[PDB]
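1. So I pulled this structure from the PDB, and the sequence comes with it:
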Amino acid sequence: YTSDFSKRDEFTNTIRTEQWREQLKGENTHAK
Amino acid sequence: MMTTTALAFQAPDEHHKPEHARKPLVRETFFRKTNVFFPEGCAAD
Amino acid sequence: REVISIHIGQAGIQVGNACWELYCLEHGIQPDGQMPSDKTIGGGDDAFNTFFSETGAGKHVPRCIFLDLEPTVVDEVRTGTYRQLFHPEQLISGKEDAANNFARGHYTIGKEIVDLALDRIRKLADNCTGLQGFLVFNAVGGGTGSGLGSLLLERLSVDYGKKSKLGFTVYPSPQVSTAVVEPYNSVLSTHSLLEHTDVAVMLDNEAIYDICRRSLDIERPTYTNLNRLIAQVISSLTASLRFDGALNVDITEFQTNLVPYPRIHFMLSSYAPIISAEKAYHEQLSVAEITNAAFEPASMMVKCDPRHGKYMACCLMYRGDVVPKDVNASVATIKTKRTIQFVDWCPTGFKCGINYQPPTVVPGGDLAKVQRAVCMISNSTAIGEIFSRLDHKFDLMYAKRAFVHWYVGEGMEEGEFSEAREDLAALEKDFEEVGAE
Amino acid sequence: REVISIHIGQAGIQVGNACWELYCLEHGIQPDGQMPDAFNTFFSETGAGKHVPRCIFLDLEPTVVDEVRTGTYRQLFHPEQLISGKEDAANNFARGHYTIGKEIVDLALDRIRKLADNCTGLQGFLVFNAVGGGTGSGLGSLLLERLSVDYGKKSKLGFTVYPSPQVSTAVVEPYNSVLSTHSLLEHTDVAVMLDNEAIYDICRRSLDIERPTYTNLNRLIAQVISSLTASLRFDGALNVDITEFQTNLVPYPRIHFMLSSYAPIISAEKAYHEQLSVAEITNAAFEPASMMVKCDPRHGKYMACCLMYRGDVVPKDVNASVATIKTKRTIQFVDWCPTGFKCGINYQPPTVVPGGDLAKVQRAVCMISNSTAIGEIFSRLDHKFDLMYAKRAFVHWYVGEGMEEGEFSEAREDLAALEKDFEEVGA
Amino acid sequence: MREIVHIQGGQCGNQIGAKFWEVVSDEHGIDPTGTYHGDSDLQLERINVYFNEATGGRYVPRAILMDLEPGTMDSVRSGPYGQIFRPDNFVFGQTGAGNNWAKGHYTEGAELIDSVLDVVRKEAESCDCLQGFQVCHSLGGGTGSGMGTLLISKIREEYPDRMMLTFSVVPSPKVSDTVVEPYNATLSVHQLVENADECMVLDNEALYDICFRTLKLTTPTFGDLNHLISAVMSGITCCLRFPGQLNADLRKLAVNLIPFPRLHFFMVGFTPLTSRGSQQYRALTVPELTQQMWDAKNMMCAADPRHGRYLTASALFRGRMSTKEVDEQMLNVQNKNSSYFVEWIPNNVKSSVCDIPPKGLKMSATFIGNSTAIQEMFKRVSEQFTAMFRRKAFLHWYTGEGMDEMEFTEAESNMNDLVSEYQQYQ
Amino acid sequence: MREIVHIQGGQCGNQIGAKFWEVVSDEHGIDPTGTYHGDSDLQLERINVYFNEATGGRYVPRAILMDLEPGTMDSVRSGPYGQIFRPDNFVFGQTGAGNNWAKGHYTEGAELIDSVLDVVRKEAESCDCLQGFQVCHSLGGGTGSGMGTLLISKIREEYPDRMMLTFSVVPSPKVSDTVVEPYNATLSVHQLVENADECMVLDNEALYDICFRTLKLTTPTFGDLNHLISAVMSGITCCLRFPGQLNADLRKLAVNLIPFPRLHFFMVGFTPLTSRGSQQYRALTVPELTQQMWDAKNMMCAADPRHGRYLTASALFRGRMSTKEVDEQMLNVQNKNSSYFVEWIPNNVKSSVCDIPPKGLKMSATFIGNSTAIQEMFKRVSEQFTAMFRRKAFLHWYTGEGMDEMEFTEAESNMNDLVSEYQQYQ
Amino acid sequence: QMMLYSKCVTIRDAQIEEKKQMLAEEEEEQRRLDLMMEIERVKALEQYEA
Amino acid sequence: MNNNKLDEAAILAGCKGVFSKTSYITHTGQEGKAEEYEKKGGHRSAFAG
Ligand SMILES: Nc1nc2c(ncn2[C@@H]2O[C@H](COP(=O)(O)OP(=O)(O)OP(=O)(O)O)[C@@H](O)[C@H]2O)c(=O)[nH]1
Ligand SMILES: Nc1nc2c(ncn2[C@@H]2O[C@H](COP(=O)(O)OP(=O)(O)OP(=O)(O)O)[C@@H](O)[C@H]2O)c(=O)[nH]1
Ligand SMILES: Nc1nc2c(ncn2[C@@H]2O[C@H](COP(=O)(O)OP(=O)(O)O)[C@@H](O)[C@H]2O)c(=O)[nH]1
Ligand SMILES: Nc1nc2c(ncn2[C@@H]2O[C@H](COP(=O)(O)OP(=O)(O)O)[C@@H](O)[C@H]2O)c(=O)[nH]1
Ligand SMILES: [Mg+2]
Ligand SMILES: [Mg+2]
């Protein structure tokens, strides 16, 4: 269904993790 | 909790016998339980 | 006139769970097992006798044996709403499943369960008086449904033999499947179903899905509605014995009129009119339209193309408000049509029958109440086409010897695989040979 | 005696929504389907207290058909008979004839046959479509082909809506018309053309309605069809069934194209002031001011004329009027046909519809003729077809569907051959 | 049934779709919390064309956002009707392109086109019958042009049978935001000519002069322009969403408007657009609509149609209108101004009517005219491209990134032969 | 009737089992005090599969804990649902293994395995009809892998006719907990390919990727990962405990999934795993669950199914669902992506439906896929094994205890022929 | 014949009346299930906040 | 099943996807040769004479 480069090691990177944490913060705040 | 087999089959709300059911006239009238001789008058003839 | 019903496997006993509900509803039996009007008090009726027998006073018990190896579905039955109706002893549950393994069902657990099964059947027959025949319910894909089912059939054949054995078996659909080894199971089951069963009726899953989808217009159908419809077709089959009709047939009639050869006994069934209540008012119901519906593959129970093959002999059971005149006219129209072709060598290809009691309706069911109904049971060569299709996917997995280690670890070998393979080859030969003019 | 009606296209089912509405009020049938023998020709009585029309709507877009499903006549039509595809042909003859027809016509034919099996004394079929659209042309051709190989001998009355020359709403409709007539020529038995400009002029002038919609057009066309089939539906002084127009109006196996008209198209107030008789309406049924196809019959010569009469009509004055018409020289018939009339009388007057703009009239006339003005129309269409085709416009759509240049050329030369037939017979 | 999925690219595409989805939601009566509260039962019957029921009357738009800067995400979640989107569809990078077409098509593309193709594939087979796709973007930015460009290419090579709409604003020297506008535009159109099925050319300049003269607006924010483009988009998809006396779906309008495969760039007009001061002194008739429709000052591009010829035109009307008045009005406008049309195609007007007006109006209209005046705008941009390419200015930011020169020459050739055949058919 | 005994080895297996028994106790409705407090009598009918009735309607779990350091036992008894075990079942050493396979398989095994064999014996003949054994452990730790492996050996030598479930995590270079991971993994699987009947391969990083993308947890501690693994284990065994429309026991799943005696390493997955912020925006249908099932990002092993072929697969559904939807859904997935499935095995999908969904959900699904893509994982650990063996690093702590070099030669040879036959059947 | 027909039609009427109520109860039960799921979502949100 | 499919199988139940198409008794769709709706049938000889 989803034709991609395998990306299960995309969140071993601290930078990516903090990026996505920012995204989650934004979603939750806007939801509030 | 509700199972699909249990949910699907419930006691039928109402039941009645079929309009045409085979009736055993043979067994009912031809055979009679136990009496070699009957009282002289039982049926008006 | 009596007939007994045995249900083997996961599928057969659920089908029976539908069938017996339908039967109590047809004979007015409350689920606790007694009529609302007792025998002496109500008018004498013997219609119920063929299925179940009045025990003592005010209690009726079905001539059936459910048997399986997992306890789950069977004690689900034991705790369902039909606790008082079914006989406590008749329900038989093993300890662990065959688990989709023909060998495990036919050699490991059969050797201990089938003796008990044949015991109860024996005393069931002894309680019976005018036994017509047997009827068996199973799916050939499963383990219990194939292995110990066939073993039980073999032992019944050596026990009685001369009596007819109506086997309503579920074959696997071509495209739709839920198991993996079901080609192996189907082959190993049909090897014995060829030379033991007298009259074997095929009931696929895919065709019934398409039926309830198109005609019954239900979008999300489960097994419940399928088994309801199959209960309807079985009731339509046995209504000739149950209720007096204008032109009746018995169990031994399909043995003569339908089976022209000692091994060519594989019947496609169909039912009509399969119609919802909402569209009933718009539709006008006569005999001609349902006589056509009974022949269209839009209403057959096996996914196959009857137009591709040629018919051998057909049987037309009618229930309800039907006179012989218009059905004679309709069968004349069918015989004069040319989109369907009977076999050359058979001039008369019909066995009609009429019964006065119309089909019933169940609360919560999707079928509407109609005047009349048709059950068509035919014989053709599309079944041989089906067997070729099954043999294909069989040999595809057999070439790489997949899944064989489970069987040879149970104790079977390659020899029976090979001989069943060549047996089905000869069987395909037989169907084409018969098709020949 | 029964005859069934199929509707194909976005216009066909709208016409049907007017026609069957007209039929129910003519037979006193409420929209729920039951009255509070004459209906037997259109409805089959399903048991008791219910009548289903012998009809099948068929379309590829679902939005208009399930408007019918949820409209007021949900209780009237059979659920299965309304048949809807999934996506539209989108004004593409190739798409409606090869891409989607291959999938929908099998279902249509097995429905129509079991309808014919339910019928007993089938007179014929009658189809409703417009040759400008994509659905009504492509699968219409495919459907008619498969009906002709199935039955062959039975009548197939085609009431087509042809595209008017100067008023029009499509673009590729010249391609659709040419590709449709190539099969409508040799498959339809009896075909009636119906433009829109002519009905616009009628409602603008006679009905004096300045803002008409499609509803009023369909109401008038339903009135014509009902007046045409009232001979089957009711007994009259002189009955004329479907098979008569087959032999009375078609002199040659390839010239079956009829022009229609109707009179008196009369508003609610003028009729009360005016006096209705037969001589004036026989006159009124011949002027181009009351025809249903924009053309000039004075430039043409009649082949044969057919005249249905409804209401309080005696054969005396209709013979007198047709005499006056035969003696007048304002209209000329063809030389090879000396007696060119086929008339018929029925007692029941044309009814009124609530929401319609016509009042009850004592008598009415429906005329169906045949002339060479239609031969001028086909030439007028083929000119503007070849005008676009000369630059290979819009061809990439059809060939991308799977067709080629061959059927384009052969349909062009077929209309050319058809043109030569009209000028030959008219000579 | 028939299905249109929505795709928004770049900041302009995001805000346009924001107003667009607000309009569609208002038409179908769904609240900003996503529940139905309308009155007409006609609205329920065609919401699958743009939505999916989630759980208990919760409808989510079938839309996918795509950008490269989170500030746009803040903006779309800020306004009302911004909470109804599925957060899984907020597929989104982190770094940013920066009006660099090479960055939108070669570097960040191959890292983001990955995921967007995945969510659009999931969203495509979620529904049953795809009618076509809808993509709204610009041609000045890099996040909009290059991303959408590669997305359109991948979509076309995957699903070639379905229709495709792309609404793209084009840059003009009068309202010229960024500097590399020709460098972006020429390459993007160089891809839309072979990939996209049809494109609706828009421009901010025409939107400005429209709200200056006709609307007499004092403060033309971006909200009102986007409000106008939303009314356009709703007008064109109204045929699917509501039944009409004469219907014309997406593919029907495409085959009616496209005579040749490469001739698929259209211009738009909308009416009634009347000032609120003069909305009391106006009439409601189809000639009242037709005069404001066919006026050259109501086209939403900077291409005067009276400087060229119409090839084909289409008009989608909404409201209870008399069809006879409709076609005679079209016939009159074809008869009187007969020079402005093409000759060898008779009846160059396709018309359709839907019986449901936009909310707040009694009778509305939408004009889509494929004329040849658009070659003026393409010359308008290609001469600036040749001016920059003669000096190779700003070129190395594309060369050193992976793009080469022959791509620029191919864009030049394709633009030049495009306007050559437009001029030929003019 | 049917019986599953539970064996927990090592720290990972102990804590996973702790969460597992919390989940089961919740689904059956027994409090951490050990008393029944559910409401449905459907729970009571099949708790004999996991519990022993005790005086006062208290059901103690049929479990055996096994380790070498008491801290694990304290961590088990500290948390809730910890006071319900039997202290006689806390069979337990005193010294500690310390991530040495030889210490877990030869030194401390020699004096502890007799005791655990006695207690697993007593717990086997405490019941009537065994179904199988269920062991939770790792492949890198010392007291879990080595002792668990030797335990599996003794039990398979004892009861060769019963099923066997091993929930075993595997190491990866990116999640590198200890240093001798290949040294332990190779030998453990080298013994499991002959002893165990089927093995559920798991890994940490795929669970990490799951809780981050699909669950969108910020702080994914071990509690949630062990919660996921417990969810899979409860799902795979829900068929025995609850009635269904199509039942599939442990052996039934085994013969449907294992076409060859050595090809019994499965990847698993669970649905629905949906982020709480987006749970409101989604639907609950069989197509909804299936698209999440066959997602490549939902396998709980770092083995890309797009990089290999499926030999066979199974799907265990829970809840009131339409079986037709189940069949046609699986038929689609096989028809669309026909290239990835193996060709010489038709109908590669086994499906089953149980009527009881887990608490808190409406529909659930457990996916078990036996694909050939896991050869990439085995070569991935075998390469590290060969690299370390090339210079015998960290070997002498294994040599000096009783193990020799040919054991390593046999293990790598068995690994090599395993990946060779996987490659062959691909 | 006509009597048998009329009786069957009456039974049809009763059956349709039954089916409508069946549909009603099914939709009500679905509504209840969705309410339960949303309550669970609210509780999980509260946990996260804590 | 027939998610995006304009085929008869998708249209068969009214725009809902059927597992597989069935040939129709009444007419042979694909073939040019089709079933004759009205076929003259010989009546009893006694009827005419
Ligand atoms: N018609 C119908 N078929 C069913 C039903 N349940 C299962 N089946 C069919 O049964 C086949 C497999 O055999 P089952 O009866 O399910 O299992 P079994 O025969 O008991 O064999 P084991 O599972 O090994 O015990 C499947 O292919 C299903 O298609 C049902 O309720 N109705
Ligand atoms: N008389 C009359 N003609 C109509 C009506 N509606 C549409 N038409 C004619 O139909 C022609 C186009 O075909 P449509 O019916 O609109 O659509 P179609 O035939 O299904 O073909 P598609 O557009 O591809 O779906 C136009 O030229 C109209 O003149 C109507 O209500 N009354
Ligand atoms: N209608 C409209 N156009 C806009 C808006 N913002 C930017 N644009 C146009 O978009 C062009 C620049 O595109 P840009 O915003 O850089 O796209 P992006 O960088 O890919 O997001 C300019 O020519 C503007 O005219 C807006 O809010 N509304
Ligand atoms: N799921 C899960 N895995 C764990 C946990 N703790 C350790 N592990 C895994 O266990 C593996 C090491 O096994 P280990 O705990 O050392 O086994 P032992 O030393 O024999 O008890 C590592 O790869 C970890 O990923 C936990 O709390 N949860
Ligand atoms: Mg079973
Ligand atoms: Mg149309």
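-> Noted; the coordinates are in hand. Numbers count the residues shown, from 1 in each chain, chains lettered A, B, ... in the order given. Ligands and ions are numbered 1, 2, ... in the order given.
2. who are the neighbours in contact with the closest residue to ligand 2 within chain G?
-> Proximity to ligand 2, evaluated over chain G using CB to the nearest ligand atom, is greatest for residue G:23 at 34.2 Å. To be clear about C-beta, it is placed using only N, CA and C from the backbone, and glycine gets the same treatment. Residues counted as contacts of residue G:23 (CB atoms under 8 Å, 6 or more residues apart in numbering or on different chains): none.
3. any idea how far it lies from residue D:413?
-> As judged by CB to CB, to the nearest Å, residue G:23 and residue D:413 stand 60 Å apart.
4. burial measure for residue E:264, as a count.
-> 20 (other CB atoms under 10 Å in any protein chain shown).
5. Got phi/psi on it?
-> Note on residue E:264: its backbone torsions stand at phi -140, psi 50 [degrees, to the nearest 10].
6. For the residue in the stretch 101-250 of chain C positioned nearest to chain D, which non-adjacent residue is spatially closest?
-> Relative to chain D, the nearest point of the stretch 101-250 of chain C is residue C:217 (8.6 Å; CB to the nearest CB). Using CB to CB, 6 or more residues apart in numbering or on different chains and skipping the chain neighbours, the partner closest in space to residue C:217 is residue C:276 (6.0 Å).
7. Could you report the distance from that neighbour to residue C:15?
-> Taken as CB to CB, the span from residue C:276 to residue C:15 is 22 Å.
8. Those two: which is more packed in?
-> Applying other CB under 10 Å to residue C:276 and residue C:15 shows that residue C:15 carries more neighbours, namely 25 against 18.
9. Quick check: that one is in a helix.
-> Yes - Residue C:15: assigned to a helix according to DSSP: H, G, I helix; E, B strand; the rest coil.
10. quick one, what contacts the residue in the stretch 251-400 of chain E that ligand 2 sits nearest to?
-> Closest approach between the stretch 251-400 of chain E and ligand 2, counting by CB to the nearest ligand atom: residue E:252, at 5.9 Å. Counting by CB under 8 Å, 6+ apart, residue E:252 touches D:88, D:90, D:91, D:134.
11. Tell me the gap between the helix or strand in which it is found and the middle of its chain.
-> Taking DSSP states H and E as the definition, residue E:252 sits inside helix E:250-257. The chain centre lies 15 Å from the centre of helix E:250-257; the measure is CA atoms, centre = their mean, to the nearest Å.
12. quick one: the next helix or strand along the chain from it to helix E:250-257, angle?
-> Next in sequence after helix E:250-257, counting helices and strands by DSSP H and E, comes strand E:265-271. The directions of strand E:265-271 and helix E:250-257 differ by 110 degrees, with axes from the mean of the first three to the mean of the last three CA atoms, to 10 degrees as the criterion.
13. Can you tell me which residues in the stretch 251-400 of chain C are near chain G?
-> C:277-278, C:280-281, C:321, C:358, C:361, C:363-364, C:368-371 (CB under 8 Å from any CB of the partner chain).
14. so what's the closest residue to residue C:45 other than its chain neighbours up against?
-> The shortest distance from residue C:45 to any non-neighbouring residue, by CB to CB, 6+ apart, is to residue B:21 (4.5 Å). By CB under 8 Å, 6+ apart, the residues touching residue B:21 are C:45, C:46, C:47, C:48, C:242, C:243, C:244, C:357.
15. Can you give me the separation between residue C:412 and residue F:264?
-> For residue C:412, the distance to residue F:264 - CB to CB - is 21 Å.
16. Smallest distance to chain H belongs to which residue of chain A?
-> Counting by CB to the nearest CB, chain A gets nearest to chain H through residue A:1 (12.0 Å).
17. looking at this, residue C:354 is in a strand?
-> Yes - counting by three-state DSSP, residue C:354 is found in a strand.
18. tell me which residues in stretch E:298-318 are buried?
-> E:298-303, E:305, E:308-318 (16 or more other CB atoms under 10 Å in any protein chain shown).
19. before we move on, what about stretch C:56-70?
-> Quick answer for stretch C:56-70 (16+ other CB under 10 Å): C:59, C:60, C:61, C:62, C:63, C:64, C:65, C:66, C:67, C:68, C:69, C:70.
20. cool, stretch E:181-199 as well?
-> Buried, per 16+ other CB under 10 Å, within stretch E:181-199: E:181-193, E:195-199.
21. Stretch E:214-231 too?
-> Quick answer for stretch E:214-231 (16+ other CB under 10 Å): E:214, E:215, E:217, E:225, E:226, E:227, E:228, E:229, E:230, E:231.
22. Extract the C-alpha set from that stretch and format it as CSV.
-> This file holds the C-alpha atoms of stretch E:214-231, laid out as CSV (Å, rounded to 0.1, in the frame of the first residue of the first chain):
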residue,chain,number,x,y,z
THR,E,214,-16.4,45.3,-9.2
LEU,E,215,-16.2,44.6,-5.4
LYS,E,216,-15.0,48.1,-4.6
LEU,E,217,-13.2,46.6,-1.7
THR,E,218,-11.0,48.8,0.6
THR,E,219,-8.8,46.1,2.2
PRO,E,220,-8.3,43.1,-0.2
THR,E,221,-6.6,40.6,2.2
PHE,E,222,-5.6,37.2,0.9
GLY,E,223,-8.7,35.8,2.5
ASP,E,224,-11.1,37.4,0.0
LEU,E,225,-9.1,36.4,-3.1
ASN,E,226,-8.9,32.8,-1.7
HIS,E,227,-12.6,33.2,-1.0
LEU,E,228,-13.2,33.9,-4.7
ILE,E,229,-11.1,31.0,-5.9
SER,E,230,-12.9,28.8,-3.5
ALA,E,231,-16.2,29.9,-5.0
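23. quick one: what helix or strand has whichever residue of chain G sits closest to ligand 6 in it?
-> Across chain G, no residue is closer to ligand 6 than residue G:23, which sits at 34.0 Å (CB to the ion). Counting by DSSP H and E, the element that carries residue G:23 is helix G:2-49.
24. now swap in residue E:26 and tell me
-> helix E:10-27.
25. Tell me which stretches of the stretch 151-300 of chain C form helices.
-> C:182-195, C:206-214, C:223-242, C:251-257, C:287-293 (DSSP state H, counting those that start in this stretch).
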